[PDB]
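Trainee: Below is one structure. I have some questions about it.
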């Protein structure tokens, strides 16, 4: 399938080269997979989600996304126009308040929630969790991310936006999950992207157009935007039968575009998420 005039990041995910604008992907499109977006919530009524999004948990007075961040990330995972996996089922878990903040104890509870809640959902092709959030190093936060992964969920987490080594941030520094840095449309490391040995992969993260609250759209930047590209890619590849929750991060690294990014510090992987789809 071909989506013309796609956001640059979608085109990038299906291309050996930067500078194109059509997204190519197998029409299965993540059908039968599920992606949890653990964030500020999801505006599930947005036409772009086509009834495939729902809130399943909140720790606050509402499950509504009063911020936009979670709706943007969910749109990159699976919205019809802005999403990588256009037929996945999206589940929102609101661990962040409408200012985008959240206590680590709530974030941990949300991760353990997903590990159990997947047993209440129909996801025959597999389960992914996208975590566009983080703060300073915490062994407890990393351990929660490790449990979620161990339970059979492909966990993708943002590297962070500190232009620093992600070893000092969580859950970015947990080795067993998929830590995602950000790149721009010219295949440069995004200026804010964290780096380091703990990164597994880069995805598009500068000037990413996606859904927003109020039935709108906007372009924003962050490793929060790169993470859902990788989460949606995992769901898509799992639906295709090419990999599993336990092996998807490694498979994405195996099949990534190699050596294409500039300003990658020595010791950080030079790997850019790529669906290797041949139309």
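Trainee: From 197, 191, which residue is over 26 Å from residue 140 (Cβ atoms) and in contact (Cβ under 8 Å) with a residue 12 or more places away in the chain?
Mentor: 191
Trainee: Let me confirm something: among 169, 186, which residue is more than 16 Å from the chain's Cα centre (by Cα), more than 17 Å from residue 267 (Cα to Cα) and surrounded by 24 or more Cβ atoms within 10 Å (Cβ to Cβ)?
Mentor: Numbers: 186 fails: surrounded by 24 or more Cβ atoms within 10 Å (Cβ to Cβ).
That would be 169, the only listed residue that is more than 16 Å from the chain's Cα centre (by Cα), more than 17 Å from residue 267 (Cα to Cα) and surrounded by 24 or more Cβ atoms within 10 Å (Cβ to Cβ).
Trainee: If a residue has to be in a loop (DSSP other than H, G, I, E, B), more than 13 Å from residue 89 (Cβ to Cβ) and touching a strand residue (DSSP E or B) at 6+ places or on another chain (Cβ under 6 Å) to count, how many in the stretch 42-58 make the cut? Break it down into steps so the answer makes sense when it comes.
Mentor: Going through the stretch 42-58, the residues in a loop (DSSP other than H, G, I, E, B) turn out to be 42-46, 50-52.
Now narrow it down to the ones that are more than 13 Å from residue 89 (Cβ to Cβ): 43, 45-46.
Remaining after also requiring touching a strand residue (DSSP E or B) at 6+ places or on another chain (Cβ under 6 Å): 46.
Qualifying residue count for the region: 1.
Trainee: While we're here: Can you tell me how many residues in the stretch 24-47 are farther than 19 Å from residue 128 by Cβ and crowded, with 17+ Cβ neighbours inside 10 Å?
Mentor: 3
Trainee: Tell me yes or no: at least one residue of the stretch 237-249 is under 15 Å from residue 182 (Cα atoms) and within 19 Å of the chain's Cα centre (by Cα).
Mentor: Residues of the stretch 237-249 that are under 15 Å from residue 182 (Cα atoms), as a first pass: none.
Within the stretch 237-249, none of the residues are under 15 Å from residue 182 (Cα atoms) and within 19 Å of the chain's Cα centre (by Cα).
The rows are residues; the columns are (1) in a strand (DSSP E or B); (2) without any contact (Cβ under 8 Å) to a residue 60 or more places away in the chain.
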{"position": "93", "(1), (2)": "yes, yes"}
{"position": "107", "(1), (2)": "no, no"}
{"position": "114", "(1), (2)": "no, no"}
{"position": "141", "(1), (2)": "no, yes"}
{"position": "146", "(1), (2)": "no, yes"}
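Trainee: Would you be able to say whether some residue in the stretch 17-40 is in contact with a strand residue (DSSP E or B) (Cβ under 8 Å, 6 or more places away or on another chain) and part of a helix (DSSP H, G or I)?
Mentor: Looking for residues that are in contact with a strand residue (DSSP E or B) (Cβ under 8 Å, 6 or more places away or on another chain) and part of a helix (DSSP H, G or I), one finds none in the stretch 17-40, hence no.
Trainee: Could we say that residue 2 is farther than 19 Å from residue 225 by Cβ, touching a strand residue (DSSP E or B) at 6+ places or on another chain (Cβ under 6 Å), surrounded by 18 or more Cβ atoms within 10 Å (Cβ to Cβ) and in contact (Cβ under 8 Å) with a residue 12 or more places away in the chain here?
Mentor: No; evaluated as a whole, the condition is false for this residue.
Trainee: Could you please tell me which pairs satisfy a Cβ distance under 8 Å, a separation of 6+ or placement on different chains, a first residue in the stretch 29-55 that is touching a residue at least 24 places away in the same chain (Cβ under 8 Å) and on the phi > 0 side of the Ramachandran plot, and a second residue that is surrounded by fewer than 22 Cβ atoms within 10 Å (Cβ to Cβ) and part of a strand (DSSP E or B)?
Mentor: 41/55; 41/58
Trainee: Let me ask another. Name the single residue, out of those in the stretch 148-164 being without any contact (Cβ under 8 Å) to a residue 60 or more places away in the chain and assigned to a loop (DSSP other than H, G, I, E, B), that is surrounded by the most Cβ atoms within 10 Å (Cβ to Cβ).
Mentor: Here the residue is 151.
Trainee: Name, by its number, the condition in (1) under 23 Å from residue 254 (Cα atoms); (2) part of a loop (DSSP other than H, G, I, E, B); (3) without any contact (Cβ under 8 Å) to a residue 40 or more places away in the chain; (4) out of contact with any strand residue (DSSP E or B) (no Cβ under 7 Å at 6 or more places or on another chain) that does not hold for residue 167.
Mentor: (2)
Please note: Cβ atoms are built from the backbone with ideal geometry, for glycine as well, and neighbour counts cover all protein chains shown. We did not get these values from a lab; they are worked out from the coordinates using the rules stated.
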